[PDB]
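Participant:
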Amino acid sequence: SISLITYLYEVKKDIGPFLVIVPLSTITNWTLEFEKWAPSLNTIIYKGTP
DNA sequence: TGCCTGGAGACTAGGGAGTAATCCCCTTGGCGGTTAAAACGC
Numbered sequence: 505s506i507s508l509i510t511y512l513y514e515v516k517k518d519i520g521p522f523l524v525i526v527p528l529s530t531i532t533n534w535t536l537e538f539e540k541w542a543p544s545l546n547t548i549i550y551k552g553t554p
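Residue numbers 505 to 554, in PDB author numbering, belong to the letters of the first sequence in order.
Printed below as a string of C-alpha cells:
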C-alpha cells in the first residue's frame with residue numbers, strides 16, 4: 505500500500521487527500537511503518553480520549 | 001312422599017382439533033471498541 509501510494513503521488517504530484525481504514529491493534533504498526541519507510545507522507549490518526 | 005323435568009343413553013356426522021411436512025426469521029451466545037455511566041471517598 506505504501507509503495508503504491510508513494511509511486512502514484514510522486515508521479516502525479518497529487519499527494520492527497522487519501523483515506524485509509526486500519527483496524528485497531530494495528531494502528532501503531534502502520535504509524536511506525538509510515539514513519540520509517542516513507543517520512544515524506546504524513547498521516548492523521550485519531551485515537552485516545554475524545 | 002309424590003311428581004316431573006332436566007338428565008341420560010343410542011345413533012349420526014361434520015367440522016375443529018391433532019399430526020405430519022416445510023422453512024425461514026427471530027433469537028441466543030460471544031466478542032470489539034468506545035464512553036457515558038457506575039463506585040468509592042471526603
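Note that the Cβ used here is the ideal one computed from N, Cα and C, for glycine as well.
1. Leaving aside the five residues before and after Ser507 along the sequence, list all residues of the same chain whose C-beta is less than 7 Å from its C-beta, in chain order.
2. Taking a contact to mean a Cβ-Cβ separation below 8 Å, would you say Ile549 touches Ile525 in this structure?
3. For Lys517, which of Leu545, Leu528, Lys540, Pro554 has the nearest alpha-carbon?
4. Taking buried to mean at least 16 other C-beta atoms within 10 Å of its own C-beta, is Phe538 buried or exposed?
Facilitator: Here's the rundown:
1. Taking the first residue of the first sequence as 1, we reach residue 507 at position 3. Within the same chain, no Cβ atom closer than 7 Å to the Cβ of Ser507 is found once the five residues on either side in sequence are excluded.
2. The residue labelled residue 549 in the question sits at position 45 within the first sequence. The residue labelled residue 525 in the question sits at position 21 within the first sequence. Taking a C-beta distance under 8 Å as the contact criterion, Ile549 and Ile525 do not qualify as a contact pair.
3. Taking the first residue of the first sequence as position 1, residue 517 is located at position 13. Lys517 has its Cα closest to that of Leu545, out of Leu545, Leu528, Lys540, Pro554.
4. Within the first sequence, numbered from 1, the residue matching residue 538 stands at position 34. Under this definition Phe538 is a buried residue.
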